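Each remark here refers to the structure printed beneath this line.
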Amino acid sequence: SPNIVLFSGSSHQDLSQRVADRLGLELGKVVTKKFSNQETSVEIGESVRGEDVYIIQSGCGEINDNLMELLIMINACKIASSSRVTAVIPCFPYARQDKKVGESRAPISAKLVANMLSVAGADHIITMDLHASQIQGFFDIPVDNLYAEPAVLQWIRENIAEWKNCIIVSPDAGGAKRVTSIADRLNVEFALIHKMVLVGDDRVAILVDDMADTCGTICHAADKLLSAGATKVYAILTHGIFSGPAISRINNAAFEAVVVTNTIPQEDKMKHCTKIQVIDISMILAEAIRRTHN
Amino acid sequence: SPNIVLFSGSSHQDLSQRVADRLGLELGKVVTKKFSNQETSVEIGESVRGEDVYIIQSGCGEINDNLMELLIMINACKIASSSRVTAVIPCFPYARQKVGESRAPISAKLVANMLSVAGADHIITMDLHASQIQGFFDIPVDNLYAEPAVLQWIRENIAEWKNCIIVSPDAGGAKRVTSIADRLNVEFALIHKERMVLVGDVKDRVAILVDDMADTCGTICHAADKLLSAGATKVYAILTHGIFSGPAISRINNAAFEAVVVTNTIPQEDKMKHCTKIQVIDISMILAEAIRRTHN
Amino acid sequence: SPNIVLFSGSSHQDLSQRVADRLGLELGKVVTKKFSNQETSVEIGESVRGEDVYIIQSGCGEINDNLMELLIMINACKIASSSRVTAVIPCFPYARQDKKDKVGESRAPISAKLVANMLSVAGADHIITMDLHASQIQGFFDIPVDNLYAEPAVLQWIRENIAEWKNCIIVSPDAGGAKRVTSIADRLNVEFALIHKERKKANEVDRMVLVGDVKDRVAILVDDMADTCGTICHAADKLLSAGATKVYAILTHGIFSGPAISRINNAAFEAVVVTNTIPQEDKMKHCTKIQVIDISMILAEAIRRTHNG
Amino acid sequence: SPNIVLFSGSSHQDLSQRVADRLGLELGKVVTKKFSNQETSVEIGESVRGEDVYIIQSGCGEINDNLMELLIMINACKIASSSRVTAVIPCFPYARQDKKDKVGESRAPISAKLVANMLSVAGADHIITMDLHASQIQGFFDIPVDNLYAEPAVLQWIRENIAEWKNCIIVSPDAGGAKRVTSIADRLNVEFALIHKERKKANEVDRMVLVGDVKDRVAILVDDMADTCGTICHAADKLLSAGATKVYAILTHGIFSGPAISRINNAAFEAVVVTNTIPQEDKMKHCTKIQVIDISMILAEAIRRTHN
Amino acid sequence: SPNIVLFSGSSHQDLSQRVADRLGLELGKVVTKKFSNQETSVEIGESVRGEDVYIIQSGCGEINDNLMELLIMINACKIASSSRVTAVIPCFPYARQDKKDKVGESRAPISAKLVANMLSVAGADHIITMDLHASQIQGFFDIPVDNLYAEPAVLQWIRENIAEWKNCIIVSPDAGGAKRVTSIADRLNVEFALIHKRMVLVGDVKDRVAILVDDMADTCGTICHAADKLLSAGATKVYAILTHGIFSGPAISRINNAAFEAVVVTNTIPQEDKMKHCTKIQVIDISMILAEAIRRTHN
Amino acid sequence: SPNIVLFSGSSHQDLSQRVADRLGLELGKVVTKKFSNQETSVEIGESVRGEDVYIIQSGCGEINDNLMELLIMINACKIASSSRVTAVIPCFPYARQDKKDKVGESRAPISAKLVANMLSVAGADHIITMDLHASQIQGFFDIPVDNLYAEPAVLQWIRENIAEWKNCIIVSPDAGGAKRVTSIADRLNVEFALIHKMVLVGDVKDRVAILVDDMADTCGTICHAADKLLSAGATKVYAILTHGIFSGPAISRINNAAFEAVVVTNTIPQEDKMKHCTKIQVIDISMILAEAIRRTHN
Ligand SMILES: Nc1ncnc2c1ncn2[C@@H]1O[C@H](COP(=O)(O)CP(=O)(O)OP(=O)(O)O)[C@@H](O)[C@H]1O
Ligand SMILES: Nc1ncnc2c1ncn2[C@@H]1O[C@H](COP(=O)(O)CP(=O)(O)OP(=O)(O)O)[C@@H](O)[C@H]1O
Ligand SMILES: Nc1ncnc2c1ncn2[C@@H]1O[C@H](COP(=O)(O)CP(=O)(O)OP(=O)(O)O)[C@@H](O)[C@H]1O
Ligand SMILES: Nc1ncnc2c1ncn2[C@@H]1O[C@H](COP(=O)(O)CP(=O)(O)OP(=O)(O)O)[C@@H](O)[C@H]1O
Ligand SMILES: Nc1ncnc2c1ncn2[C@@H]1O[C@H](COP(=O)(O)CP(=O)(O)OP(=O)(O)O)[C@@H](O)[C@H]1O
Ligand SMILES: O=P(O)(O)OC[C@H]1O[C@H](O)[C@H](O)[C@@H]1O
Ligand SMILES: O=P(O)(O)OC[C@H]1O[C@H](O)[C@H](O)[C@@H]1O
Ligand SMILES: O=P(O)(O)OC[C@H]1O[C@H](O)[C@H](O)[C@@H]1O
Ligand SMILES: O=P(O)(O)OC[C@H]1O[C@H](O)[C@H](O)[C@@H]1O
Ligand SMILES: O=P(O)(O)OC[C@H]1O[C@H](O)[C@H](O)[C@@H]1O
Ligand SMILES: O=P(O)(O)OC[C@H]1O[C@H](O)[C@H](O)[C@@H]1O
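Protein chains in written order, with the authors' numbering: chain C, 1 to 99, 102 to 197, 208 to 213, 216 to 308; chain B, 1 to 97, 102 to 198, 207 to 308; chain A, 1 to 309; chain F, 1 to 308; chain E, 1 to 197, 207 to 308; chain D, 1 to 197, 208 to 308.
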């Protein structure tokens, strides 16, 4: 008797209708405006009572507005007596830490967002490649942390002639688990960069990290990879935020291409950068939603 | 040995300092900045262990930015082992809101829960749009009133106050407007939009529209025009929270007001630059007393 | 396939059956009783497993006995593994507050919020109610609360029972009832008026001021409830001395406690009309002015709606 | 540091001021009435901010008005920013259960647990009560619960008031109070016995069984409370037909509902002794057999102990 | 439409399968082990989405590993989006309190309620258990708790195995099993007696078969001395019937040397290895009771 | 003013009294035993009312028992009306995982979050722990959690114990300790390399190699790692860990491994294992915990 109701806010209209087309359904009717004083207004237009409802919004643009907007729609479908409300958040906001010498720091912002999603009334969360997977434990809720790697792997094979050889390098220490894993799915060798010194060593170098925001490191990392004798250097990321200086710096850096997936709207930045190519994840999320709905 | 601690956000720094002056202390060092990707950042610069923390943040300007900042700073003081954390919210956001049934305040309630989930232990605000918002929490809430200062201003700035009339621009501020009447021994009038109709007698008397907030300001401008059509000598507009967004200031500039009075729960210095008819009432003392009281 | 079970408390049985009659079902077997030491006893007599339970009980009578009786059968249907328990509370208890000037600030609504938390902790999953004293009480919960209006019923009673309703005036007994009266006024496309008692001071006389004109019109005072009924009786007196042909009083909740019935028998009203969120039969037997408006359609349709669309 | 402000609800004012007298304090300014429509009103008259509040209300009279009155007063002192609120409930309401059989399972204590959850949600932080019908009720909370015993005062009354207490017999009126009597028995260095009324079957006659010997001995039945009192009256008669010189009854909680007074006026008790967890003043004016033990010192010290 | 899913833990494989058999099912695939560093590991082998899962685990053997295993498995099926997770706990752990009793008040059951809160936070939605040491433990949760009785099967065992049963006497080993003894006694229309500790006796056993009844039997001292006293009071025979037979250290050695006719327990706790050294122990099977309870809550 | 009260369990008697000495006080009276049926028993011997109590129990030994007893101790303290209860857990149990290679998604920390929720419901108000396998476990609570580092004491142990440390090389088995090796390395302005299965990237030829990671259990990875590190030229190989677990066949392995010393901290009882393995050396962290306890007590 519950049928899937699919919503979307203001954050990523394109991805949302893409998964709608993968599921065979239309987006639900909802009007999100902002009042003159900047208070977010969300009014549902469809009946969602007794339905399994999925609200898709990524933490990308004006996030605080997108996040507040998301919470308002979650609380709105919960007060409306829906059987279930699922937050589909491709890019989870506040996942990073801006961090000591003697102890760590509770991730107060990431756990604060978990608590607000929980109190708003969420009953399921679907997200992709979190900055730290242990954020699933910031919740007493099921959290699907889907990996984009198959997407990354197939894209390489399919797109890069030289993949069979090549080398995967991480721009940082913390990503090493990430390169390693991707490397051995290709039965391939690895190297890593640390702020600049490089470890490991005429191959197609491909830097892999979870997200790319200001992009400074990965550009200086590319400059060192070509100084270490690399044929080409690629940059493949899950979340492409490209804030500030980023696109200008990608405009002054020598990438064959920089690949990301569409957890974040990029078209308007594609128009300013010929490098960027985007992988479609409509089916992973689409498929994950359908799985959750049985 | 808790000591009072005053932290200010990005919303209303002048007001924060102003109550700090009233309490005789310094403000707590905190740097609030947004990251390149516009995520809010907060880094407290002092120790708050065993302290009575007070963060002064009004619901104004960039609302979701300001509230999210407030929540991050509250959490940061609770994970830091504060004795208590009190959110001072001069103008509470989202306070505002079918045949056959009523809607639920679902945003106000949502912010209540987000402040509670962040770790707030006490709330100090002023003039809630509905006093029952105190019940959206399970923690003490000191919904303060600006009337004392409004009656004082009225007596001391309107010559003919003994023979004025307090008018409510709507059908919901009635108990707010009779309150004033009873305290000035003056009558009130009520306006309804049905073409606006007025109930009451205004001919040859000074009319004073009073409400809690003014945002787009259309109802009070049209209300002034009718009150003058009913023969009112002068029109005042007295508001606790002066949001003044949109086309409002243009409207009061074209409006037949003698003056419009608001409180400093929201920054108004910028708006008076563009509007000579606005005047503000300091409520830094009201919040100051509420803090002192709550601190014991 | 979750089914639907209607339970009645003690407070208003008649309305429970009327909602049963409108839903096409009969009432679920439950025995409610007072022990010798006046301890509430609730034994439900039919299976509620996997069922959609609705318990109908109004905040009237011995308020605390009915409220505890309601909480116990909620927690009894909740421990017995029902799929959902909806508390249908036609008149919500503790909705008003005994404040009075607390100047410089307001007082927290401690009783209404405490009853909200007790309904929540008892195990309620949904709330239905009719005309809350303040709609923001919906926000005192974390579960869906439906506050229905009786306005449609008041408007149809008014059109079918008051001869010159076209030229009436809708009056509020107080400030704070202005929105309600205006609403009703615009709906009948008639105008409104307001009455404000000034607070007596040391050496005055009590006075009510009327803002608005009622001369030569049928006056209709409407508020959310009537309990002690002094304000509306003096309101009828003042409306008639302002030149009103008649005075009615139409409330959604008719509490009638203390001297109310004695006061209406001696007041100047044409009628005092209320809804059946509270049993009124034994009151009309002592007061011929009370008339009743049935609202079992609204509660019945809200129940049917809350079950399967 | 917080002081102690102590408040009395309507139910047992006399005992609250006895506890006040024991603590060297006076009761706090509070007005508790009823509105016309029977809603409870609680308005605190003094400041409780940063103080240690203790509210004494017993489970008696009109119980749901008193329980409601207790909860409203707790959440009123909690929202007023009290340092800590403690509910002193000498006789805890809804403690017993009307199960009166389950054959392959037991029933849940729905009412006692629900009252535990309402005290918790209202804002209670500590509970102090006396002789719970089941000690396990302490586990119905996530806050401390002090379930104090009246046994010292009962032993004291027995020694100073039963002439032949040295060879007295402690009797339990039921199977469940056995552990109770045992306790008392070994403390007086005397023996016990049990009364058990069997299920009346159709066509059988009312049959009560006595286990133990009470011949030529003073019998004293002992149970956590007394409410309608039928089982203990018949227990008296059975004990006397079994050759007991005298029968006493000592209960911690004297409810005395319904027909009890009349029952006891026609019962062959020498004395029915209870504690003052419930007002008894007006009952002794209709029953000369009722005698009260004061338990002010136990609650008084439990409070002083909780405050430090 | 959710189907019944039954899982079994380390504690009682036999009885688990045994209820699986009375239900017409097989257990679900679960693998359990303990890592080299002694940490409990659970890996469910089936999908439990949308399922009505039942986990059977008794408070026996090594209890903290069994209980923890139980909590990971509940807080494993619950996160896997099961329709509902039910803990089937035949013998509830930590149900008793170390009765070191302060003279003027009582002690709260801190361990039983602690076990209650950990089962609740793990994600349990229902609990099925048998003869709790105190029934009010049902009140340690805000979720439905089924406290099933073995007394039907005990009464039937008694009538069908003790020849002289119409004139026996139900006895209790202390002052807390009195209600229980009373209960079966009236069901059998038979008088009763109780022992309180010098050990004394209240009641008459002369020339009767005496049967000790209580919920659990552990180090067994009380029931052995109770047997000795009952025979000293002129009893023909002494039996001991309980629900949960824990039989910890010195117990087996104690009853082997005790004047018991037989000692009866249920299979809420595994015994067979205890029957290997003890010929007086006999087991009453209660798989039906749990089966009935599972099926009824599942509807 | 609340005094500070200290309790210890069965897990680490040695450590607990050391922090007691550093704080200038003695340990609290508590008898912990296990009933005949294996039911942990706790009985507090001293009044904790209105006091600030700290209970130290490590996820060492037989963990389920010590953790269950820890919970009993914390809840014994909460209903005894203690001013506050803080769980001092030097080595957090169930911190680790076995999720691995689910293709396309992670497995949630079901176990560590479960221990968090169990510590929270038991009544804990603060946690003091050291070197969590993942710092994000701090976020598994809503209460302050101090995840202290042992890195100061390891840096000073080396700087005073390895002669060839100005030019050393710091390394681990699989990358995952990278959020780690870097940190130790740059605090000495030193290069580094990492091992991943078996290959190694970086070069340590003719230099002292130093494996560092969080906890050692089985130890296979680090022994094979030590051997390969020689296969590439290091002068000597050391192994520096914080928690010294050494379960299963670890000690036989290290006795057969070519370490010049394997160094751990005393978050876990070591003495029994030092009598069987001469390569073990212990760094004492009682001061760090002492500072954290003292600092939260104000
Ligand atoms: N919104 C934000 N939140 C936290 N840090 C931010 C931030 N925006 C920018 N930063 C900056 O970006 C830096 C990137 O830090 P990272 O090393 O990516 C976090 P990490 O979790 O340690 O990654 P790793 O785990 O992959 O090392 C932050 O440390 C800070 O310097
Ligand atoms: N940020 C905001 N939140 C809610 N309403 C807003 C809003 N910004 C603009 N509005 C507009 O202002 C209207 C609400 O004004 P009111 O109806 O006076 C609030 P209310 O709570 O209904 O007042 P009451 O106290 O009179 O009921 C909205 O319906 C919409 O027309
Ligand atoms: N049960 C009750 N609760 C509160 N006040 C009661 C009462 N019974 C009688 N009263 C008295 O009658 C008065 C009626 O007050 P209400 O009108 O119910 C207050 P309100 O909730 O602020 O709403 P309003 O502003 O719409 O009038 C109370 O203030 C008090 O004088
Ligand atoms: N695992 C265990 N847990 C708790 N107590 C245990 C125990 N093993 C042995 N004991 C002891 O067994 C006794 C408790 O048994 P019981 O008295 O039957 C529980 P009770 O609730 O006090 O019983 P009662 O109803 O018979 O009075 C105490 O001496 C206690 O310390
Ligand atoms: N007691 C234990 N608990 C959990 N896993 C254990 C374990 N003992 C051994 N293991 C094994 O050791 C493996 C640990 O691998 P790790 O590399 O630590 C995964 P991680 O938690 O992501 O840490 P990393 O960041 O070091 O990768 C476990 O996944 C399992 O293979
Ligand atoms: O380069 P900046 O932003 O100035 O400094 C930090 C850089 O390092 C981070 O990983 C991003 O790549 C940033 O670009
Ligand atoms: O005329 P509008 O701008 O629509 O409304 C004017 C004011 O009245 C409205 O309720 C808002 O409060 C505005 O501030
Ligand atoms: O009724 P009285 O107490 O005389 O007046 C108080 C009025 O105010 C409330 O609105 C009641 O309904 C009462 O009418
Ligand atoms: O009230 P009664 O008819 O006596 O019998 C019920 C008895 O059961 C209880 O023990 C009460 O005290 C009552 O006596
Ligand atoms: O075993 P003992 O030390 O003699 O006494 C303890 C009694 O209580 C326990 O449940 C035992 O099994 C005994 O019956
Ligand atoms: O081969 P095992 O030791 O049994 O298991 C894998 C090893 O590798 C891991 O990092 C641990 O060190 C283990 O010891």
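We put the beta carbon where it would ideally sit given N, CA and C, even for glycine.
Contact test: residue i Cβ vs ligand 3 heavy atom, cutoff 7 Å
{"i": "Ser-36(F)", "result": "yes"}
{"i": "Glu-26(D)", "result": "no"}
DSSP-derived helix/strand/coil call for residue i
{"i": "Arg-84(E)", "result": "strand"}
{"i": "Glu-270(A)", "result": "coil"}
{"i": "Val-30(F)", "result": "strand"}
{"i": "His-286(C)", "result": "coil"}
{"i": "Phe-92(A)", "result": "coil"}
{"i": "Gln-156(B)", "result": "helix"}
Cut-off 8 Å between Cβ atoms - residues of its own chain near residue i, not counting five sequence neighbours on either side
{"i": "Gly-50(C)", "result": "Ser-1, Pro-2, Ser-81, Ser-82, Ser-83"}
Ligand 4 heavy atom lying under 7 Å from the CB of residue i
{"i": "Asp-227(E)", "result": "yes"}
{"i": "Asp-131(F)", "result": "no"}
Cut-off 7 Å between Cβ atoms - residues of its own chain near residue i, not counting five sequence neighbours on either side
{"i": "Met-118(D)", "result": "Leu-71"}
{"i": "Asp-14(A)", "result": "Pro-279"}
Sequence-distant residues of its chain with Cβ nearer than 6 Å to residue i (five each side left out)
{"i": "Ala-249(D)", "result": "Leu-221, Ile-232, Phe-269, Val-272"}
{"i": "residue 339(E)", "result": "Limits of chain E in this structure are 1 at one end and 308 at the other, which puts residue 339(E) out of reach."}
8 Å contact criterion, which residue i and residue j should meet: CB distance rounded
{"i": "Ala-185(E)", "j": "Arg-217(E)", "result": "Not quite, the Cβ-Cβ distance comes to about 12 Å (not below 8 Å), so this is no contact."}
Residue i Cβ short of 7 Å to ligand 2 heavy atom set
{"i": "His-12(E)", "result": "no"}
Residue i: CB within 7 Å of a non-hydrogen atom of ligand 8
{"i": "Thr-245(A)", "result": "no"}
Proximity test, residue i beta-carbon vs ligand 6 heavy atom, cut-off 7 Å
{"i": "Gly-176(C)", "result": "no"}
Check: residue i C-beta below 7 Å from any heavy atom of ligand 9
{"i": "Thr-231(F)", "result": "yes"}
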